[PDB]
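Content type PDB, C-alpha atoms, from the file final-v3.pdb:
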ATOM      1  CA  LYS Q   1      -7.222 -18.422   0.188  1.00  0.00           C
ATOM      2  CA  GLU Q   2      -7.082 -14.695  -0.545  1.00  0.00           C
ATOM      3  CA  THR Q   3      -5.390 -14.021  -3.857  1.00  0.00           C
ATOM      4  CA  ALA Q   4      -2.279 -11.894  -4.019  1.00  0.00           C
ATOM      5  CA  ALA Q   5      -4.192  -9.345  -6.061  1.00  0.00           C
ATOM      6  CA  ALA Q   6      -6.967  -9.207  -3.481  1.00  0.00           C
ATOM      7  CA  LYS Q   7      -4.476  -8.852  -0.639  1.00  0.00           C
ATOM      8  CA  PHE Q   8      -2.889  -5.903  -2.438  1.00  0.00           C
ATOM      9  CA  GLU Q   9      -6.253  -4.179  -2.651  1.00  0.00           C
ATOM     10  CA  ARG Q  10      -6.999  -4.816   1.019  1.00  0.00           C
ATOM     11  CA  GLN Q  11      -3.601  -3.725   2.181  1.00  0.00           C
ATOM     12  CA  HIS Q  12      -2.883  -0.808  -0.110  1.00  0.00           C
ATOM     13  CA  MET Q  13      -5.915   0.668  -1.852  1.00  0.00           C
ATOM     14  CA  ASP Q  14      -8.142   3.404  -0.491  1.00  0.00           C
ATOM     15  CA  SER Q  15     -10.196   4.747  -3.353  1.00  0.00           C
ATOM     16  CA  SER Q  16     -12.818   6.051  -0.904  1.00  0.00           C
ATOM     17  CA  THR Q  17     -10.764   9.004   0.315  1.00  0.00           C
ATOM     18  CA  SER Q  18      -8.580  11.487  -1.510  1.00  0.00           C
ATOM     19  CA  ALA Q  19      -5.996  11.781   1.276  1.00  0.00           C
ATOM     20  CA  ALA Q  20      -5.635  11.056   4.962  1.00  0.00           C
ATOM     21  CA  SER Q  21      -8.079  13.324   6.885  1.00  0.00           C
ATOM     22  CA  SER Q  22      -6.506  13.197  10.326  1.00  0.00           C
ATOM     23  CA  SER Q  23      -3.615  11.848  12.348  1.00  0.00           C
ATOM     24  CA  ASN Q  24      -5.765   8.870  13.196  1.00  0.00           C
ATOM     25  CA  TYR Q  25      -6.178   7.727   9.585  1.00  0.00           C
ATOM     26  CA  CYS Q  26      -3.522   5.029   9.832  1.00  0.00           C
ATOM     27  CA  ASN Q  27      -4.624   3.801  13.229  1.00  0.00           C
ATOM     28  CA  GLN Q  28      -8.159   3.347  11.879  1.00  0.00           C
ATOM     29  CA  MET Q  29      -7.251   1.898   8.501  1.00  0.00           C
ATOM     30  CA  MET Q  30      -4.551  -0.452   9.722  1.00  0.00           C
ATOM     31  CA  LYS Q  31      -7.154  -1.855  12.102  1.00  0.00           C
ATOM     32  CA  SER Q  32     -10.074  -2.020   9.682  1.00  0.00           C
ATOM     33  CA  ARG Q  33      -8.056  -3.672   6.900  1.00  0.00           C
ATOM     34  CA  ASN Q  34      -6.935  -6.316   9.418  1.00  0.00           C
ATOM     35  CA  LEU Q  35      -3.277  -5.352   9.267  1.00  0.00           C
ATOM     36  CA  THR Q  36      -2.998  -5.373  13.054  1.00  0.00           C
ATOM     37  CA  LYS Q  37      -4.875  -8.528  13.832  1.00  0.00           C
ATOM     38  CA  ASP Q  38      -2.054 -10.975  14.427  1.00  0.00           C
ATOM     39  CA  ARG Q  39       0.768  -8.534  14.922  1.00  0.00           C
ATOM     40  CA  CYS Q  40       1.405  -4.839  14.229  1.00  0.00           C
ATOM     41  CA  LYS Q  41       2.370  -4.529  10.561  1.00  0.00           C
ATOM     42  CA  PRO Q  42       5.404  -2.146  10.871  1.00  0.00           C
ATOM     43  CA  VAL Q  43       4.909  -0.039   7.757  1.00  0.00           C
ATOM     44  CA  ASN Q  44       2.221   0.228   5.132  1.00  0.00           C
ATOM     45  CA  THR Q  45       1.192   2.569   2.339  1.00  0.00           C
ATOM     46  CA  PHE Q  46      -2.318   3.360   1.183  1.00  0.00           C
ATOM     47  CA  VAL Q  47      -2.982   4.730  -2.311  1.00  0.00           C
ATOM     48  CA  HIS Q  48      -5.831   7.231  -2.760  1.00  0.00           C
ATOM     49  CA  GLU Q  49      -6.574   6.587  -6.409  1.00  0.00           C
ATOM     50  CA  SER Q  50      -8.982   4.531  -8.425  1.00  0.00           C
ATOM     51  CA  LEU Q  51      -8.247   0.854  -8.644  1.00  0.00           C
ATOM     52  CA  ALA Q  52      -7.998   1.000 -12.409  1.00  0.00           C
ATOM     53  CA  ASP Q  53      -5.384   3.773 -12.205  1.00  0.00           C
ATOM     54  CA  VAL Q  54      -3.252   1.669  -9.864  1.00  0.00           C
ATOM     55  CA  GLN Q  55      -3.734  -1.518 -11.876  1.00  0.00           C
ATOM     56  CA  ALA Q  56      -2.596   0.426 -14.938  1.00  0.00           C
ATOM     57  CA  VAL Q  57       0.860   0.843 -13.360  1.00  0.00           C
ATOM     58  CA  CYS Q  58       1.535  -2.755 -14.442  1.00  0.00           C
ATOM     59  CA  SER Q  59       1.788  -1.370 -18.016  1.00  0.00           C
ATOM     60  CA  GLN Q  60       4.046   1.582 -17.040  1.00  0.00           C
ATOM     61  CA  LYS Q  61       7.800   1.847 -16.395  1.00  0.00           C
ATOM     62  CA  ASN Q  62       9.448  -1.457 -15.682  1.00  0.00           C
ATOM     63  CA  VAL Q  63      12.000  -1.374 -12.847  1.00  0.00           C
ATOM     64  CA  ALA Q  64      13.509  -4.068 -10.645  1.00  0.00           C
ATOM     65  CA  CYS Q  65      11.920  -4.505  -7.244  1.00  0.00           C
ATOM     66  CA  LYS Q  66      13.895  -3.876  -4.041  1.00  0.00           C
ATOM     67  CA  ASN Q  67      14.400  -7.662  -3.801  1.00  0.00           C
ATOM     68  CA  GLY Q  68      15.631  -7.826  -7.390  1.00  0.00           C
ATOM     69  CA  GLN Q  69      12.524  -9.257  -9.063  1.00  0.00           C
ATOM     70  CA  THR Q  70      11.941  -7.862 -12.519  1.00  0.00           C
ATOM     71  CA  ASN Q  71       8.150  -7.756 -12.448  1.00  0.00           C
ATOM     72  CA  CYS Q  72       7.991  -4.275 -10.782  1.00  0.00           C
ATOM     73  CA  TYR Q  73       6.717  -1.076 -12.376  1.00  0.00           C
ATOM     74  CA  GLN Q  74       6.893   2.590 -11.492  1.00  0.00           C
ATOM     75  CA  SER Q  75       3.940   4.840 -12.133  1.00  0.00           C
ATOM     76  CA  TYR Q  76       4.443   7.541 -14.688  1.00  0.00           C
ATOM     77  CA  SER Q  77       2.443   9.922 -12.534  1.00  0.00           C
ATOM     78  CA  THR Q  78       2.542  10.859  -8.871  1.00  0.00           C
ATOM     79  CA  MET Q  79      -0.320   9.576  -6.735  1.00  0.00           C
ATOM     80  CA  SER Q  80      -1.855  10.627  -3.482  1.00  0.00           C
ATOM     81  CA  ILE Q  81      -0.586   8.227  -0.838  1.00  0.00           C
ATOM     82  CA  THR Q  82      -0.538   7.853   2.909  1.00  0.00           C
ATOM     83  CA  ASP Q  83       2.498   6.370   4.620  1.00  0.00           C
ATOM     84  CA  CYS Q  84       1.754   4.515   7.841  1.00  0.00           C
ATOM     85  CA  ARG Q  85       4.599   3.586  10.195  1.00  0.00           C
ATOM     86  CA  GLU Q  86       4.551   2.380  13.751  1.00  0.00           C
ATOM     87  CA  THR Q  87       5.067   4.887  16.495  1.00  0.00           C
ATOM     88  CA  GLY Q  88       7.531   4.293  19.282  1.00  0.00           C
ATOM     89  CA  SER Q  89       4.589   3.554  21.618  1.00  0.00           C
ATOM     90  CA  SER Q  90       2.993   0.937  19.371  1.00  0.00           C
ATOM     91  CA  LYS Q  91       2.633  -2.322  21.267  1.00  0.00           C
ATOM     92  CA  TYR Q  92       0.383  -5.162  20.203  1.00  0.00           C
ATOM     93  CA  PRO Q  93      -2.570  -5.353  20.454  1.00  0.00           C
ATOM     94  CA  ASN Q  94      -2.587  -1.560  20.741  1.00  0.00           C
ATOM     95  CA  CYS Q  95      -0.903  -0.913  17.491  1.00  0.00           C
ATOM     96  CA  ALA Q  96      -0.232   2.789  16.796  1.00  0.00           C
ATOM     97  CA  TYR Q  97       0.877   4.539  13.672  1.00  0.00           C
ATOM     98  CA  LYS Q  98       2.139   7.853  12.382  1.00  0.00           C
ATOM     99  CA  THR Q  99       0.176   9.036   9.376  1.00  0.00           C
ATOM    100  CA  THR Q 100       2.129  10.929   6.679  1.00  0.00           C
ATOM    101  CA  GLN Q 101       0.483  12.430   3.597  1.00  0.00           C
ATOM    102  CA  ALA Q 102       2.412  12.535   0.347  1.00  0.00           C
ATOM    103  CA  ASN Q 103       2.199  12.760  -3.449  1.00  0.00           C
ATOM    104  CA  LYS Q 104       4.691  10.314  -4.892  1.00  0.00           C
ATOM    105  CA  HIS Q 105       5.248   7.819  -7.634  1.00  0.00           C
ATOM    106  CA  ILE Q 106       4.535   4.232  -6.622  1.00  0.00           C
ATOM    107  CA  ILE Q 107       6.329   1.010  -7.487  1.00  0.00           C
ATOM    108  CA  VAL Q 108       4.340  -2.206  -7.529  1.00  0.00           C
ATOM    109  CA  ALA Q 109       5.034  -5.800  -8.469  1.00  0.00           C
ATOM    110  CA  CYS Q 110       2.582  -7.365 -10.922  1.00  0.00           C
ATOM    111  CA  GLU Q 111       1.487 -10.890 -11.729  1.00  0.00           C
ATOM    112  CA  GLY Q 112      -1.308 -12.842 -13.429  1.00  0.00           C
ATOM    113  CA  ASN Q 113      -3.704 -12.650 -16.372  1.00  0.00           C
ATOM    114  CA  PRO Q 114      -5.099  -9.972 -15.936  1.00  0.00           C
ATOM    115  CA  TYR Q 115      -1.673  -8.603 -15.016  1.00  0.00           C
ATOM    116  CA  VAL Q 116      -2.275  -6.717 -11.809  1.00  0.00           C
ATOM    117  CA  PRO Q 117      -0.496  -5.485  -8.681  1.00  0.00           C
ATOM    118  CA  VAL Q 118       0.321  -8.061  -6.082  1.00  0.00           C
ATOM    119  CA  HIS Q 119       2.852  -6.220  -3.937  1.00  0.00           C
ATOM    120  CA  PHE Q 120       3.547  -2.607  -2.975  1.00  0.00           C
ATOM    121  CA  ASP Q 121       7.275  -2.111  -3.264  1.00  0.00           C
ATOM    122  CA  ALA Q 122       7.923   1.576  -2.618  1.00  0.00           C
ATOM    123  CA  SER Q 123       6.822   5.156  -2.859  1.00  0.00           C
ATOM    124  CA  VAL Q 124       9.405   7.322  -4.671  1.00  0.00           C
TER     125      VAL Q 124
END
Represent the supplied structure as structure tokens.
Amino acid sequence: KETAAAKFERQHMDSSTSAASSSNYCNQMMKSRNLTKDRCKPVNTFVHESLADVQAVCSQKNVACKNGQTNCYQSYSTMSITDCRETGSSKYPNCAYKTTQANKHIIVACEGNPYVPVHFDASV
């Protein structure tokens, strides 16, 4: 099965663009990363940074996850991110998202050897 690390990359990384280029970014990316296949994923964040820079967050500021887990880390630096959230008209299989550009710190949960992100917790 897909590893947690690999699912994080598929769901949350977009090193191929520096920011969202249009209001359709989320619609396109949510579809192409298979986040709308079985149901409309309600919210999702994409990070426009190199993979290594995001993986490095696992060695940055420890902070408890929203769910209380202690394997979460906040980036020292802000990152270019896109927030994707369903629009009021979204209705499977025609899933529809609002794209919002931002520069924020990210919080990720990490696991494994190599110790890498497995969950996107928050943008802050």
*Which residue gives the smallest distance to residue 12 of chain Q among Q:44, Q:76, Q:24, Q:71, with all atoms listed in the file counted?*
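For residue 12 of chain Q, the nearest of the given residues is Q:44.
The residue that comes closest to residue 115 of chain Q, out of Q:21, Q:89, Q:50, Q:4 and on the basis of all atoms listed in the file, is Q:4.
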**Item:** Spatial neighbours of residue 110 of chain Q, 12 Å, all atoms listed in the file, chain gap at least 3 places, as a count of residues only
**Value:** 31
Item checked: Contacts of residue 26 of chain Q at 9 Å (all atoms listed in the file; same-chain gap of 2+ positions) as a ChimeraX atom specification -> /Q:20,22-24,28-31,44,46,82-85,96-100
Please list as a PDB file with C-alpha atoms, in the coordinates of the input every residue within 9 Å of residue 81 of chain Q, counting only C-alpha atoms and excluding residues in the same chain fewer than 4 positions away.
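So the final result, stored in out26.pdb, reads:
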ATOM      1  CA  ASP Q  14      -8.142   3.404  -0.491  1.00  0.00           C
ATOM      2  CA  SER Q  18      -8.580  11.487  -1.510  1.00  0.00           C
ATOM      3  CA  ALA Q  19      -5.996  11.781   1.276  1.00  0.00           C
ATOM      4  CA  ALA Q  20      -5.635  11.056   4.962  1.00  0.00           C
ATOM      5  CA  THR Q  45       1.192   2.569   2.339  1.00  0.00           C
ATOM      6  CA  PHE Q  46      -2.318   3.360   1.183  1.00  0.00           C
ATOM      7  CA  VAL Q  47      -2.982   4.730  -2.311  1.00  0.00           C
ATOM      8  CA  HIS Q  48      -5.831   7.231  -2.760  1.00  0.00           C
ATOM      9  CA  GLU Q  49      -6.574   6.587  -6.409  1.00  0.00           C
ATOM     10  CA  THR Q 100       2.129  10.929   6.679  1.00  0.00           C
ATOM     11  CA  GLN Q 101       0.483  12.430   3.597  1.00  0.00           C
ATOM     12  CA  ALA Q 102       2.412  12.535   0.347  1.00  0.00           C
ATOM     13  CA  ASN Q 103       2.199  12.760  -3.449  1.00  0.00           C
ATOM     14  CA  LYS Q 104       4.691  10.314  -4.892  1.00  0.00           C
ATOM     15  CA  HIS Q 105       5.248   7.819  -7.634  1.00  0.00           C
ATOM     16  CA  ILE Q 106       4.535   4.232  -6.622  1.00  0.00           C
ATOM     17  CA  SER Q 123       6.822   5.156  -2.859  1.00  0.00           C
TER      18      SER Q 123
END
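Interatomic distance, atom CA of residue 9 of chain Q against atom CA of residue 109 of chain Q: 12.8 Å.
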>> Please report the interatomic distance between atom CA of residue 68 of chain Q and atom CA of residue 43 of chain Q in Å with one decimal.
In response: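 About the pair atom CA of residue 68 of chain Q and atom CA of residue 43 of chain Q: they are 20.1 Å apart.
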Task: Q:95, Q:111, Q:41, Q:124 ranked by distance to residue 3 of chain Q, top pick (using all atoms listed in the file) - done: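 Among the listed residues, Q:111 lies closest to residue 3 of chain Q.
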With 4 Å added on each side, what axis-aligned box encloses every listed atom of segment 79-88 of chain Q? Give the centre and edge lengths in Å to one decimal, as lines of an AutoDock Vina configuration file.
center_x = 2.8
center_y = 6.5
center_z = 6.3
size_x = 17.4
size_y = 16.2
size_z = 34.0
| request: To verify the selection step, state as a ChimeraX atom specification which residues the PyMOL selection byres ((chain Q and resi 40) around 8) yields on this input. | output: /Q:35-39,41-42,86,90-93,95
To one decimal place, how far is atom CA of residue 87 of chain Q from atom CA of residue 34 of chain Q in Å?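 Spanning atom CA of residue 87 of chain Q to atom CA of residue 34 of chain Q is a straight-line distance of 17.9 Å.
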Segment 9-108 of chain Q dumped to file, C-alpha atoms, as a PDB file, in the first residue's frame:
ATOM      1  CA  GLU Q   9       3.776  14.022  -0.998  1.00  0.00           C
ATOM      2  CA  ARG Q  10       0.803  13.222  -3.224  1.00  0.00           C
ATOM      3  CA  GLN Q  11      -1.640  15.137  -1.115  1.00  0.00           C
ATOM      4  CA  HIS Q  12       0.403  18.139  -0.069  1.00  0.00           C
ATOM      5  CA  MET Q  13       3.500  18.798  -2.163  1.00  0.00           C
ATOM      6  CA  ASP Q  14       3.645  20.885  -5.313  1.00  0.00           C
ATOM      7  CA  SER Q  15       7.266  21.662  -6.015  1.00  0.00           C
ATOM      8  CA  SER Q  16       6.459  22.264  -9.697  1.00  0.00           C
ATOM      9  CA  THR Q  17       4.803  25.642  -9.175  1.00  0.00           C
ATOM     10  CA  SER Q  18       5.715  28.593  -7.003  1.00  0.00           C
ATOM     11  CA  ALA Q  19       2.116  29.535  -6.177  1.00  0.00           C
ATOM     12  CA  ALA Q  20      -1.386  28.930  -7.445  1.00  0.00           C
ATOM     13  CA  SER Q  21      -1.694  30.509 -10.942  1.00  0.00           C
ATOM     14  CA  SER Q  22      -5.461  30.789 -11.195  1.00  0.00           C
ATOM     15  CA  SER Q  23      -8.725  30.216  -9.381  1.00  0.00           C
ATOM     16  CA  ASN Q  24      -8.851  26.792 -10.954  1.00  0.00           C
ATOM     17  CA  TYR Q  25      -5.615  25.578  -9.350  1.00  0.00           C
ATOM     18  CA  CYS Q  26      -7.370  23.639  -6.600  1.00  0.00           C
ATOM     19  CA  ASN Q  27     -10.010  22.177  -8.870  1.00  0.00           C
ATOM     20  CA  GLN Q  28      -7.263  20.842 -11.149  1.00  0.00           C
ATOM     21  CA  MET Q  29      -4.872  19.665  -8.459  1.00  0.00           C
ATOM     22  CA  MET Q  30      -7.463  18.076  -6.210  1.00  0.00           C
ATOM     23  CA  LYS Q  31      -8.544  16.063  -9.242  1.00  0.00           C
ATOM     24  CA  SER Q  32      -5.098  15.163 -10.555  1.00  0.00           C
ATOM     25  CA  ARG Q  33      -3.763  14.070  -7.154  1.00  0.00           C
ATOM     26  CA  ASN Q  34      -6.813  11.799  -6.797  1.00  0.00           C
ATOM     27  CA  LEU Q  35      -8.232  13.655  -3.818  1.00  0.00           C
ATOM     28  CA  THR Q  36     -11.701  13.711  -5.362  1.00  0.00           C
ATOM     29  CA  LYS Q  37     -11.911  10.186  -6.630  1.00  0.00           C
ATOM     30  CA  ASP Q  38     -14.017   8.531  -3.960  1.00  0.00           C
ATOM     31  CA  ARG Q  39     -15.446  11.607  -2.327  1.00  0.00           C
ATOM     32  CA  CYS Q  40     -14.681  15.341  -2.277  1.00  0.00           C
ATOM     33  CA  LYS Q  41     -11.849  15.880   0.208  1.00  0.00           C
ATOM     34  CA  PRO Q  42     -13.220  18.953   2.121  1.00  0.00           C
ATOM     35  CA  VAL Q  43      -9.993  20.862   2.699  1.00  0.00           C
ATOM     36  CA  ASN Q  44      -6.421  20.438   1.583  1.00  0.00           C
ATOM     37  CA  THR Q  45      -3.208  22.439   1.503  1.00  0.00           C
ATOM     38  CA  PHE Q  46      -0.492  22.316  -1.123  1.00  0.00           C
ATOM     39  CA  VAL Q  47       3.056  23.469  -0.347  1.00  0.00           C
ATOM     40  CA  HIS Q  48       5.052  25.168  -3.122  1.00  0.00           C
ATOM     41  CA  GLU Q  49       8.532  24.352  -1.892  1.00  0.00           C
ATOM     42  CA  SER Q  50      11.160  21.752  -2.539  1.00  0.00           C
ATOM     43  CA  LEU Q  51      10.575  18.380  -0.992  1.00  0.00           C
ATOM     44  CA  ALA Q  52      13.799  18.579   0.964  1.00  0.00           C
ATOM     45  CA  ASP Q  53      12.761  21.922   2.483  1.00  0.00           C
ATOM     46  CA  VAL Q  54       9.472  20.428   3.665  1.00  0.00           C
ATOM     47  CA  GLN Q  55      11.081  17.220   4.911  1.00  0.00           C
ATOM     48  CA  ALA Q  56      13.497  19.385   6.893  1.00  0.00           C
ATOM     49  CA  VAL Q  57      10.579  20.663   9.006  1.00  0.00           C
ATOM     50  CA  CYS Q  58      10.793  17.351  10.892  1.00  0.00           C
ATOM     51  CA  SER Q  59      13.996  18.750  12.486  1.00  0.00           C
ATOM     52  CA  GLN Q  60      12.461  22.178  13.296  1.00  0.00           C
ATOM     53  CA  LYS Q  61      10.212  23.384  16.137  1.00  0.00           C
ATOM     54  CA  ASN Q  62       8.434  20.604  17.941  1.00  0.00           C
ATOM     55  CA  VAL Q  63       4.781  21.333  18.763  1.00  0.00           C
ATOM     56  CA  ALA Q  64       1.826  19.111  19.611  1.00  0.00           C
ATOM     57  CA  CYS Q  65      -0.500  18.291  16.749  1.00  0.00           C
ATOM     58  CA  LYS Q  66      -4.150  19.404  16.784  1.00  0.00           C
ATOM     59  CA  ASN Q  67      -5.047  15.868  17.942  1.00  0.00           C
ATOM     60  CA  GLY Q  68      -2.464  16.016  20.722  1.00  0.00           C
ATOM     61  CA  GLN Q  69       0.257  13.844  19.177  1.00  0.00           C
ATOM     62  CA  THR Q  70       3.738  15.041  20.000  1.00  0.00           C
ATOM     63  CA  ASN Q  71       5.416  14.186  16.708  1.00  0.00           C
ATOM     64  CA  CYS Q  72       4.439  17.516  15.013  1.00  0.00           C
ATOM     65  CA  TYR Q  73       6.810  20.287  13.966  1.00  0.00           C
ATOM     66  CA  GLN Q  74       6.392  23.881  12.885  1.00  0.00           C
ATOM     67  CA  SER Q  75       8.574  25.310  10.168  1.00  0.00           C
ATOM     68  CA  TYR Q  76      10.922  28.047  11.203  1.00  0.00           C
ATOM     69  CA  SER Q  77      10.222  29.849   7.951  1.00  0.00           C
ATOM     70  CA  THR Q  78       7.060  30.786   6.100  1.00  0.00           C
ATOM     71  CA  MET Q  79       6.327  28.824   2.935  1.00  0.00           C
ATOM     72  CA  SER Q  80       4.284  29.458  -0.142  1.00  0.00           C
ATOM     73  CA  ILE Q  81       1.086  27.459   0.227  1.00  0.00           C
ATOM     74  CA  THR Q  82      -2.286  27.116  -1.416  1.00  0.00           C
ATOM     75  CA  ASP Q  83      -5.357  26.450   0.697  1.00  0.00           C
ATOM     76  CA  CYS Q  84      -8.082  24.472  -1.045  1.00  0.00           C
ATOM     77  CA  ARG Q  85     -11.567  24.295   0.480  1.00  0.00           C
ATOM     78  CA  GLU Q  86     -14.825  23.121  -0.970  1.00  0.00           C
ATOM     79  CA  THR Q  87     -17.178  25.681  -2.382  1.00  0.00           C
ATOM     80  CA  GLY Q  88     -20.831  25.732  -1.461  1.00  0.00           C
ATOM     81  CA  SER Q  89     -21.639  24.277  -4.910  1.00  0.00           C
ATOM     82  CA  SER Q  90     -19.244  21.339  -4.630  1.00  0.00           C
ATOM     83  CA  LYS Q  91     -21.144  18.097  -5.108  1.00  0.00           C
ATOM     84  CA  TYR Q  92     -19.522  14.779  -5.895  1.00  0.00           C
ATOM     85  CA  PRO Q  93     -18.419  13.849  -8.491  1.00  0.00           C
ATOM     86  CA  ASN Q  94     -18.208  17.515  -9.484  1.00  0.00           C
ATOM     87  CA  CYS Q  95     -16.033  18.561  -6.657  1.00  0.00           C
ATOM     88  CA  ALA Q  96     -15.280  22.312  -6.579  1.00  0.00           C
ATOM     89  CA  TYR Q  97     -12.820  24.281  -4.548  1.00  0.00           C
ATOM     90  CA  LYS Q  98     -11.860  27.804  -3.599  1.00  0.00           C
ATOM     91  CA  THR Q  99      -8.172  28.449  -4.120  1.00  0.00           C
ATOM     92  CA  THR Q 100      -6.455  30.771  -1.602  1.00  0.00           C
ATOM     93  CA  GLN Q 101      -2.807  31.803  -1.886  1.00  0.00           C
ATOM     94  CA  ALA Q 102      -0.809  32.387   1.269  1.00  0.00           C
ATOM     95  CA  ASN Q 103       2.664  32.546   2.828  1.00  0.00           C
ATOM     96  CA  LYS Q 104       2.505  30.807   6.178  1.00  0.00           C
ATOM     97  CA  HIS Q 105       4.369  28.529   8.501  1.00  0.00           C
ATOM     98  CA  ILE Q 106       3.370  24.880   8.212  1.00  0.00           C
ATOM     99  CA  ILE Q 107       2.927  22.215  10.867  1.00  0.00           C
ATOM    100  CA  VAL Q 108       3.484  18.600   9.904  1.00  0.00           C
TER     101      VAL Q 108
END
